[PDB]
Amino acid sequence: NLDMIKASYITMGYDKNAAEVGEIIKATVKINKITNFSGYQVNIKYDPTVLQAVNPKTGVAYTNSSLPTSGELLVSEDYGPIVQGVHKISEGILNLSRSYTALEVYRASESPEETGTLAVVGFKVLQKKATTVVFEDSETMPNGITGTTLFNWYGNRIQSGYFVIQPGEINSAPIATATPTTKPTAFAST
């Protein structure tokens, strides 16, 4: 199956791949086996005219300085995680970064965090239309691997050994052939 694999990687999961206007999909970022991982930065693209980015708890729409919702990793108090977001929501662009900060302490623990969610962002369907959400490079992340930078408990960019898996698509996947056959059009004239 999809995600029935053994590699190292970052991806984004959806809570559901179909949604009606006004409802919200939970977009979760998660990594798989990233050795001695300790922090992330990512950059994401969506159709702003088709999706509105909101908090998944509060349903309040993001400001282009909004914090992502935390996943399982990078939320241990011991190691001093610190987070921040910076976006151009006008342009359907999001940049998020969270990282432990007491790395020596982290290293002492001799138990690294390598698999599991990282951040959670919510998208309110404006329009019932095929869109995609993708990690994509930015000028502000020259060293980025497809929108994505990752670190380890030394403070060193992990620049080899994993790849980036785009989340897929949202809504319309017609492809079918059922039975809706009448002519009930409205609409106006005179």
Side-chain angles (χ1 to χ4, degrees), residues 1-5 9-32 40-75 83-98 115-141 144-149 163-188:
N1 269 49
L2 211 337
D3 268 6
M4 227 196 207
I5 227 333
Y9 67 70
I10 196 181
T11 180
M12 197 181 303
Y14 296 144
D15 68 330
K16 75 253 211 41
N17 52 16
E20 308 277 352
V21 171
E23 48 195 11
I24 309 206
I25 316 194
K26 261 166 308 165
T28 299
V29 183
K30 45 169 156 210
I31 50 188
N32 186 74
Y40 79 73
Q41 181 187 215
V42 298
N43 198 260
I44 299 157
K45 194 94 207 329
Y46 60 108
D47 196 1
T49 87
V50 174
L51 287 186
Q52 189 193 45
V54 325
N55 183 311
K57 163 184 181 188
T58 87
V60 179
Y62 277 4
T63 269
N64 57 33
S65 74
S66 303
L67 296 180
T69 304
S70 292
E72 326 171 286
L73 318 186
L74 300 168
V75 309
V83 45
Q84 165 174 36
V86 174
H87 333 299
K88 283 318 181 72
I89 257 97
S90 336
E91 330 195 271
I93 296 163
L94 282 188
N95 197 110
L96 311 159
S97 310
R98 176 161 185 118
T115 301
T117 67
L118 301 179
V120 180
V121 169
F123 288 103
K124 201 166 147 196
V125 180
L126 298 190
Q127 287 182 320
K128 213 187 171 201
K129 189 177 309 191
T131 348
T132 312
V133 157
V134 289
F135 300 99
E136 98 194 358
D137 284 7
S138 169
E139 58 157 343
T140 72
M141 295 175 47
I145 297 184
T146 313
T148 82
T149 285
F163 62 114
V164 179
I165 306 171
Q166 300 294 0
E169 213 203 26
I170 302 181
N171 271 322
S172 288
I175 269 43
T177 303
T179 303
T181 46
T182 58
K183 195 273 190 70
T185 324
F187 81 89

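Numbering of residues begins at 1 and proceeds along the displayed sequence. No hydrogens, no waters, no symmetry mates; every other heavy atom, side chains included, goes into these values.
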Value rounded to 0.5 Å, distance of [atom1] in [X] from [atom2] in [Y]:
| X | Y | atom1 | atom2 | value |
| --- | --- | --- | --- | --- |
| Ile10 | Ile145 | CD1 | CD1 | 10.0 Å |
| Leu126 | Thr131 | CG | OG1 | 9.0 Å |
| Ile170 | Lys129 | CD1 | NZ | 13.5 Å |
| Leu67 | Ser97 | CG | OG | 11.0 Å |
| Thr146 | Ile165 | OG1 | CD1 | 11.0 Å |

Do [X] and [Y] have side-chain heavy atoms sitting under 4.5 Å apart?
| X | Y | result |
| --- | --- | --- |
| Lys30 | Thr11 | yes |
| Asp137 | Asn43 | no |
| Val121 | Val133 | no |
| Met141 | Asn95 | yes |
| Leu73 | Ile31 | yes |
| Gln52 | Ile24 | no |
| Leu51 | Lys124 | no |
| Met12 | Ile44 | yes |

Under a 3.5 Å distance rule, please check whether [X] uses its side chain to pair with a backbone N or O of [Y] as donor and acceptor.
| X | Y | answer |
| --- | --- | --- |
| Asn64 | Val86 | no |
| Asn55 | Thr58 | yes |
| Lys88 | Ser90 | no |
| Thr182 | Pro184 | no |
| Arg98 | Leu74 | yes |

Can you name the nearest heavy-atom pair linking [X] to [Y], along with the distance?
| X | Y | answer |
| --- | --- | --- |
| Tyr14 | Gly168 | OH-O, 4.1 Å |
| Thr149 | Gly144 | OG1-CA, 4.1 Å |
| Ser70 | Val120 | O-CG2, 4.3 Å |
| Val125 | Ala19 | CG2-CB, 3.3 Å |

Assess the residue pair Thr132 and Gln166 against the criterion (side-chain contact (heavy atoms from CB on, under 4.5 Å)); give the C-alpha distance rounded to whole Å, side-chain angles, the decisive distance to 0.1 Å, and a yes or no.
CA-CA 9 Å; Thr132 312; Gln166 300 294 0; 6.0 Å; no

Apply side-chain contact (heavy atoms from CB on, under 4.5 Å) to the pair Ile89 and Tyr62, showing each step before the final yes or no.
CA-CA 8 Å; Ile89 257 97; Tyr62 277 4; 4.2 Å; yes

When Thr148 is tested against each of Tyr9, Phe163, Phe135 for side chain to side chain contact (heavy atoms under 4.5 Å, CB included), which residue passes?
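Among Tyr9, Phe163, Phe135, the one that satisfies the side chain to side chain contact (heavy atoms under 4.5 Å, CB included) with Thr148 is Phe135.
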
Is it true that the side chains of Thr140 and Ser138 contain a donor and an acceptor less than 3.5 Å apart?
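Their side chains do contain a donor-acceptor pair, which is all the 3.5 Å distance test asks for.
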
Is there a side-chain contact (heavy atoms from CB on, under 4.5 Å) between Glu72 and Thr117 once you walk through the steps?
CA-CA 5 Å; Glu72 326 171 286; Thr117 67; 3.1 Å; yes

Under the criterion side-chain contact (heavy atoms from CB on, under 4.5 Å), I'd like the reasoning laid out for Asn32 against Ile5: C-alpha separation, chi angles, the key distance, then a yes or no.
CA-CA 10 Å; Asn32 186 74; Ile5 227 333; 5.5 Å; no

Give a yes or no on this: more than 12 heavy atoms of other residues, nucleotides or ligands lie within 6.0 Å of atom CG of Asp15.
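Result for CG/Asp15: enclosed.
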
For the NZ atom on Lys16, are there more than 12 heavy atoms of other groups (residues, nucleotides or ligands in this structure) within a distance under 6.0 Å?
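Yes, enclosed.
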
